């Protein structure tokens, strides 16, 4: 009964939320002289991160240090992810600053934690550091950093990233390019966001959604609508968020006849019982005066 067969069990128990049974297994293989390893600690820590089991995380961390695993990339990446998802980003950073080896996954993990906490400056400074040290950003880096530049109004950095993304061969990458549309839009440059959109060879829902949001926040309500029907003509199916954006676009205009066709579309796509479309419909109808309708929408 190997380390590998004990780890396969713990992992399954860990992915099913069963931390009590996972730990009993841990302590049993320890008792039988079978040493835990990378997978064991990283398996347990990943569950701690999902469930917010901070305290067990902190005890494992203790156990990790006492058994000579300081600096191990797999374990310490999981330490970063665990402290991060338990809200403790100073601790996540300490784990980071202590790692002698860092890969793109190390940086990506701490960048993603910082962006979710609104600590956007530290994420951009960390991205700069990653470039300075010669680690190549990937799709997830460029995407998360551009989204941070967008929320921050950091136009000049975004434009440098745009250059870097172009040179590293990421022109065809829809995730990164959805991020560029967001960055230009939120930085006040709908013309440049339009240019990005019209250059992309592939477009999914999120690229239509991202550009609609930018037009609507800019008050370019008619442009938002022309684009929405463009989306429908190309066969890209709207989602929860598309409907909410164009209905509010309609609920910010005398666009009732279009809000009604969208209501029909929304009913036929399976979205009438969807909470934000709910409220976007109730909203759209109310701003259009017909208040029975809104009641009709609500009274479901």
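Residue numbers count along the first chain shown, from 1.
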Between 143-151 and 218-226, which has the higher average C-alpha B-factor in the PDB entry? 218-226
Quick one: higher average CA temperature factor, 63-71 or 254-262? 254-262
Largest Cα B-factor, entry values, listed residues 156, 202, 192, 97: 202
Hey, what third does residue 50 fall into on Cα B-factor, ranked over its chain? middle
Would you mind checking where the Cα B-factor of residue 34 ranks among the modelled residues of its chain, as the lowest, middle or highest third? highest
Could you place residue 44 in the lowest, middle or highest third of its chain by Cα temperature factor, using the values in the record? lowest
Where the record places residue 171 (Cα B-factor, split into thirds across the chain): highest
Classify residue 125 as lowest, middle or highest third according to the C-alpha B-factor given in the PDB entry, relative to its own chain. lowest
